[PDB]
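Enquirer: Mind looking over this structure? Questions follow.
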Amino acid sequence: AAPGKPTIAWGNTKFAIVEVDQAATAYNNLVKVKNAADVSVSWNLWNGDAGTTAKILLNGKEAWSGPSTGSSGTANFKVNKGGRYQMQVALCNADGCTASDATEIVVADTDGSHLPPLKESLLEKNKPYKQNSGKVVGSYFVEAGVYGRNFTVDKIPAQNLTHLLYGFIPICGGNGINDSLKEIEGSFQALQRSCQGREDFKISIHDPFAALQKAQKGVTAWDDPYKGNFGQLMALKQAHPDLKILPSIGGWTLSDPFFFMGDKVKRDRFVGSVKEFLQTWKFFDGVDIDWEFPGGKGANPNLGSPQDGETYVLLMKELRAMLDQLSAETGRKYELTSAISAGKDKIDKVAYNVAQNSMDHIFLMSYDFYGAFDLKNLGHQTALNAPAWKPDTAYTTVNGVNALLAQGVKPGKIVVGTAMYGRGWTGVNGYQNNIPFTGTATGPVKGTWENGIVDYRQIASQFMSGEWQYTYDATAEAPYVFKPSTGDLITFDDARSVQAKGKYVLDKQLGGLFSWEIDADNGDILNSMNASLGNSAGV
């Protein structure tokens, strides 16, 4: 008769195609990409004949075969595709085969194919919306937001987004390359640890712990291969296959390296590191470039040149070429985007009418127009139009869009920015006609986490009562709160101001809307972004 029924022996059942050192601090030691995972299985037979041939089945499919010389045996084979497999050991002879009971084995891969969908209920004031408008609805998630802000990937209202950009991937480089990071306590040192033994101008992960080692919902097992933000983003992609998750390179304190990109050698190394990155972390759908203003005026007062415009265009073209190269290897479609200054002065330093041909979307940073960084000239930080008391205001959302359109940039490429936070001053005085914006400030307003900035969440729950005055500027389309006693003034976006931006986008046929700091919203902002763009309310 057929052989006896074998019993799979105790042993580890978790494997990975892409290995990650959960204790590594340096990016070069953090991950190793393999062409396939090395799986091992053993078995024992206590009743019946061991047969003549032994086979390993994965969901009924043979993955290994060998002579069945003993009552006990071991098999070593490779699995090139990730996922959860029902593994069985089958012993066969001339009379037939006898398969053991199934034992689940997990072959992990950076696409999340081994993880169950991360489908979380909407929190706070977030309401379900369907992405059926055809317009962009994005937001940025911050890597370090999982600490103090305690805002994790499982808290993202992912169903109400079409695009999700990550909390900034840094570019390696120490003194003279990332000096701007030195302004942030221990931030420069953190990058130096991540880039240990890694070449300057190659990308890395700023905080390896938050990105892949910190236990988070869905990836909490002590031995899970991918944890942290990346692990959850992988499970998120499984739940929202259509969601575009993009790694954002740069930001205010990580843009210094771009200014050196004029050197083709460095630029090629960079592009090369980006390709390898995407090849390693399969859940990402492309790359977003957040070069904090080509031409200077960024965090570093010693960087910036008239050549940055040319460098920017070349970079975008070269990245797009690299992505086309990758698409031919994977068959997948990748997106190339960039967050840019909404200021005409900075916009005119780049030929976007040319760069747009290599980009899918342009995230216009129509916010931070005003803030505690200037205690003399106050104004709406993210308004649509200029205020009535100053119709000549340069820094407005409309002026940014017009500047781009004037260059020849297609309207559908422009994604208007919205703020899920407010910027404010304190001790504001010397204002006339009951318009605080006409006076001056003595300093920054008390912030939620840092001075001068407050989460929209806190504005709505604490600054919408008491002595706080509330006023919606219908002209510029922007709200603001003011406390006469202490002279505290805060400028931000609200449900209505967002509505105005959404209608504006639809009328001018722009690309959509995106927001900064998804963790700072209580849901009012993203709901408005969705509603104003025409997305239908979900179940």
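Each chain in the structure tokens gets a letter, A, B, ..., in the order shown, and its residues are numbered from 1; ligands are numbered from 1 in order too.
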Residues at most 8 Å from segment 133-136 of chain A, counting only C-alpha atoms, excluding those fewer than 6 positions away in the same chain, as a ChimeraX atom specification?
Expert: /A:161-163,415,511-514,533-536
Enquirer: Skip residue 8 of chain A itself and residues of its chain fewer than 2 positions away, then list as a PyMOL selection string all residues within 8 Å of it, counting only C-alpha atoms.
Expert: chain A and resi 6+10+41-44+88-89+100+103
Enquirer: Save the residues we just selected, C-alpha atoms, as an mmCIF file, in the first residue's frame?
Expert:
```
data_model
loop_
_atom_site.group_PDB
_atom_site.id
_atom_site.type_symbol
_atom_site.label_atom_id
_atom_site.label_comp_id
_atom_site.auth_asym_id
_atom_site.auth_seq_id
_atom_site.Cartn_x
_atom_site.Cartn_y
_atom_site.Cartn_z
ATOM 1 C CA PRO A 6 4.648 11.504 8.220
ATOM 2 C CA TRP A 10 9.006 21.224 15.335
ATOM 3 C CA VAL A 41 11.535 21.320 6.700
ATOM 4 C CA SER A 42 12.009 18.078 8.642
ATOM 5 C CA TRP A 43 9.694 15.152 9.414
ATOM 6 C CA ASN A 44 9.302 11.862 11.272
ATOM 7 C CA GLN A 88 3.031 19.362 3.530
ATOM 8 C CA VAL A 89 5.498 16.486 3.416
ATOM 9 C CA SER A 100 1.030 14.867 6.164
ATOM 10 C CA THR A 103 1.894 23.253 8.485
#
```
Enquirer: Find the residues near residue 319 of chain A: any atom within 10 Å, counting only C-alpha atoms, skip ones fewer than 2 places away on the same chain, and give them as a PyMOL selection string.
Expert: chain A and resi 267-268+270-272+274-275+286-287+289+313-317+321-325+336+358-359
Enquirer: Just C-alpha atoms for this one: save the residues we selected as an mmCIF file, in the first residue's frame.
Expert:
```
data_model
loop_
_atom_site.group_PDB
_atom_site.id
_atom_site.type_symbol
_atom_site.label_atom_id
_atom_site.label_comp_id
_atom_site.auth_asym_id
_atom_site.auth_seq_id
_atom_site.Cartn_x
_atom_site.Cartn_y
_atom_site.Cartn_z
ATOM 1 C CA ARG A 267 23.800 62.576 -9.244
ATOM 2 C CA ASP A 268 24.325 59.183 -10.907
ATOM 3 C CA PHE A 270 22.096 59.078 -6.030
ATOM 4 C CA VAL A 271 19.800 57.856 -8.819
ATOM 5 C CA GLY A 272 21.489 54.473 -8.581
ATOM 6 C CA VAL A 274 17.168 55.166 -5.456
ATOM 7 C CA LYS A 275 16.712 52.294 -7.916
ATOM 8 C CA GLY A 286 8.075 55.524 -7.046
ATOM 9 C CA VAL A 287 9.814 58.519 -5.557
ATOM 10 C CA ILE A 289 11.731 64.715 -4.538
ATOM 11 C CA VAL A 313 15.438 69.275 -14.613
ATOM 12 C CA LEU A 314 18.318 66.886 -15.319
ATOM 13 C CA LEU A 315 17.612 65.045 -12.065
ATOM 14 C CA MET A 316 13.926 64.559 -12.874
ATOM 15 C CA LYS A 317 14.744 63.327 -16.385
ATOM 16 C CA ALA A 321 14.791 57.156 -17.136
ATOM 17 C CA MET A 322 15.796 55.014 -14.167
ATOM 18 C CA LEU A 323 12.128 54.312 -13.402
ATOM 19 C CA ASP A 324 11.497 53.347 -17.032
ATOM 20 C CA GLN A 325 14.482 51.026 -16.699
ATOM 21 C CA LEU A 336 7.815 60.550 -10.073
ATOM 22 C CA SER A 358 9.182 63.500 -16.560
ATOM 23 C CA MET A 359 6.856 63.967 -13.583
#
```
Enquirer: To one decimal place in Å, what is the distance between atom CA of residue 169 of chain A and atom CA of residue 194 of chain A?
Expert: 11.4 Å
Enquirer: Using only C-alpha atoms, determine which residues lie at most 8 Å from residue 179 of chain A, disregarding the query and same-chain residues fewer than 5 positions distant; provide the list as JSON, numbers by chain.
Expert: {"A": [174, 188, 256, 300]}
Enquirer: Given only C-alpha atoms, how would the per-residue table for segment 300-372 of chain A near segment 165-168 of chain A read, listing every residue at most 12 Å away with its closest atom pair and distance in Å to one decimal, sorted by chain and number, as a Markdown table?
Expert:
```
| residue | atom | partner | partner_atom | distance |
| --- | --- | --- | --- | --- |
| A:335 | CA | A:165 | CA | 11.7 |
| A:336 | CA | A:165 | CA | 11.7 |
| A:337 | CA | A:165 | CA | 10.0 |
| A:338 | CA | A:165 | CA | 10.4 |
| A:339 | CA | A:165 | CA | 10.4 |
| A:363 | CA | A:165 | CA | 10.8 |
```
Enquirer: Please run DSSP on the backbone and report, as a VMD selection string, all residues within segment 122-203 of chain A that come out as strand (DSSP E).
Expert: chain A and resid 136 to 140 163 to 165
Enquirer: Restrict the calculation to only C-alpha atoms, then for each residue of segment 380-449 of chain A with any atom at most 6 Å from an atom of segment 460-481 of chain A give the closest atom pair and their distance in Å to one decimal, rows by chain and rising residue number, as a tab-separated table.
Expert:
```
residue	atom	partner	partner_atom	distance
A:383	CA	A:478	CA	5.1
A:384	CA	A:476	CA	5.5
A:385	CA	A:476	CA	4.1
A:386	CA	A:476	CA	5.0
A:387	CA	A:476	CA	4.8
```
Enquirer: Residues within 12 Å of residue 302 of chain A, please, as a list in words. Count only C-alpha atoms; anything in the same chain fewer than 6 positions from it doesn't count.
Expert: residues 176, 177, 178, 179, 180, 256, 259, 295 and 296 of chain A
Enquirer: Write the residues of the preceding selection, restricted to N, CA and C atoms, as a compact mmCIF listing (two decimals), in the first residue's frame.
Expert:
```
# COMPACT_ATOMS: atom_id res chain seq x y z
N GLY A 176 29.51 69.27 5.94
CA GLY A 176 29.53 69.90 4.63
C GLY A 176 28.49 69.38 3.66
N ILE A 177 27.82 68.29 4.02
CA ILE A 177 26.80 67.68 3.17
C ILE A 177 25.40 67.74 3.78
N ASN A 178 25.31 67.56 5.09
CA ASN A 178 24.02 67.63 5.78
C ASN A 178 24.12 68.50 7.03
N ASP A 179 24.79 69.65 6.90
CA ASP A 179 24.95 70.55 8.04
C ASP A 179 23.62 71.06 8.60
N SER A 180 22.58 71.12 7.78
CA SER A 180 21.29 71.61 8.26
C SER A 180 20.69 70.72 9.34
N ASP A 256 20.17 69.67 1.84
CA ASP A 256 21.52 70.15 1.54
C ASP A 256 22.23 69.36 0.44
N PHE A 259 22.05 70.30 -3.52
CA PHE A 259 22.87 71.40 -4.04
C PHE A 259 24.20 70.96 -4.64
N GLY A 295 18.21 76.78 -5.81
CA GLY A 295 18.61 78.17 -5.88
C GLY A 295 18.92 78.77 -4.52
N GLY A 296 18.67 78.01 -3.46
CA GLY A 296 18.93 78.50 -2.12
C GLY A 296 17.69 78.94 -1.37
```
Enquirer: Sorted by chain and rising residue number, list the residues of segment 224-275 of chain A at most 12 Å from segment 11-30 of chain A (counting only C-alpha atoms), each with its closest atom pair and distance in Å to one decimal, as a Markdown table.
Expert:
```
| residue | atom | partner | partner_atom | distance |
| --- | --- | --- | --- | --- |
| A:224 | CA | A:14 | CA | 7.9 |
| A:225 | CA | A:20 | CA | 6.2 |
| A:226 | CA | A:20 | CA | 7.0 |
| A:227 | CA | A:22 | CA | 8.7 |
| A:228 | CA | A:22 | CA | 10.4 |
| A:230 | CA | A:20 | CA | 11.6 |
| A:231 | CA | A:20 | CA | 11.2 |
| A:273 | CA | A:28 | CA | 11.8 |
```
Enquirer: Determine, counting only C-alpha atoms, which protein, DNA and RNA residues have an atom within 9 Å of an atom of residue 235 of chain A; residues of the same chain fewer than 4 positions away are not included. Present the result as a list in words.
Expert: residues 111, 112, 113, 114, 115, 116, 117, 118, 119, 218, 219, 230, 231, 239 and 240 of chain A
Enquirer: Convert the current residue selection to file output with N, CA, C and O atoms, as a CSV table (one decimal), in the first residue's frame.
Expert:
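The resulting part-v5.csv:
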```
chain,number,residue,atom,x,y,z
A,111,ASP,N,6.9,43.3,-0.3
A,111,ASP,CA,5.7,43.8,-1.0
A,111,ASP,C,4.5,43.6,0.0
A,111,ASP,O,3.4,44.0,-0.3
A,112,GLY,N,4.8,42.9,1.1
A,112,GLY,CA,3.7,42.6,2.1
A,112,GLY,C,2.9,41.4,1.7
A,112,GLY,O,1.9,41.1,2.4
A,113,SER,N,3.3,40.6,0.7
A,113,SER,CA,2.6,39.4,0.3
A,113,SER,C,2.4,38.4,1.4
A,113,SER,O,1.6,37.4,1.2
A,114,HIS,N,3.1,38.5,2.5
A,114,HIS,CA,3.1,37.6,3.6
A,114,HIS,C,2.2,38.1,4.7
A,114,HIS,O,2.0,37.4,5.7
A,115,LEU,N,1.7,39.3,4.6
A,115,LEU,CA,1.0,40.0,5.6
A,115,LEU,C,-0.5,40.1,5.3
A,115,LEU,O,-0.9,40.4,4.2
A,116,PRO,N,-1.4,39.9,6.3
A,116,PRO,CA,-2.8,40.1,6.1
A,116,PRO,C,-3.1,41.6,6.0
A,116,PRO,O,-2.4,42.4,6.6
A,117,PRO,N,-4.1,41.9,5.1
A,117,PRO,CA,-4.4,43.3,4.9
A,117,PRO,C,-4.6,44.1,6.2
A,117,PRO,O,-5.1,43.7,7.2
A,118,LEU,N,-4.0,45.4,6.2
A,118,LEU,CA,-4.1,46.2,7.4
A,118,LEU,C,-5.3,47.1,7.2
A,118,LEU,O,-5.2,48.3,6.7
A,119,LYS,N,-6.5,46.6,7.5
A,119,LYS,CA,-7.8,47.3,7.4
A,119,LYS,C,-8.3,47.8,8.7
A,119,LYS,O,-8.9,47.1,9.5
A,218,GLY,N,-0.1,44.7,13.8
A,218,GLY,CA,0.1,43.9,12.6
A,218,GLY,C,1.4,43.2,12.5
A,218,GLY,O,1.6,42.2,11.8
A,219,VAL,N,2.4,43.9,13.1
A,219,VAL,CA,3.8,43.4,13.1
A,219,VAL,C,4.4,43.5,14.4
A,219,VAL,O,5.4,44.3,14.7
A,230,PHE,N,7.6,50.7,7.9
A,230,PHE,CA,7.7,49.9,6.6
A,230,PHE,C,6.8,48.6,6.7
A,230,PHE,O,6.1,48.3,5.7
A,231,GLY,N,6.9,47.9,7.8
A,231,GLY,CA,6.1,46.7,8.0
A,231,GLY,C,4.6,47.0,7.9
A,231,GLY,O,3.9,46.3,7.1
A,239,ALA,N,-4.1,46.0,1.8
A,239,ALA,CA,-5.5,46.4,2.1
A,239,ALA,C,-5.9,47.4,1.0
A,239,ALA,O,-7.1,47.4,0.6
A,240,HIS,N,-5.0,48.2,0.6
A,240,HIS,CA,-5.3,49.3,-0.4
A,240,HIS,C,-4.3,49.2,-1.6
A,240,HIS,O,-3.4,50.0,-1.7
```
Enquirer: Given only C-alpha atoms as the basis, pick out the residue of A:110, A:269, A:404, A:149 nearest to residue 284 of chain A.
Expert: A:110
Enquirer: Could you pull the residues within 7 Å of segment 421-430 of chain A, counting only C-alpha atoms, minus those fewer than 2 positions along the same chain, as JSON, numbers by chain?
Expert: {"A": [371, 372, 381, 419, 432, 436, 439, 440, 441, 442, 443, 444, 445, 452, 453, 454, 455, 456, 486, 487, 488, 489, 490, 491, 492, 520]}
Enquirer: Let me make sure I understand: among A:263, A:207, A:290, A:318, which one has the smallest atom-to-atom distance to residue 147 of chain A if we use only C-alpha atoms?
Expert: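 The answer is A:207, which sits nearest to residue 147 of chain A.
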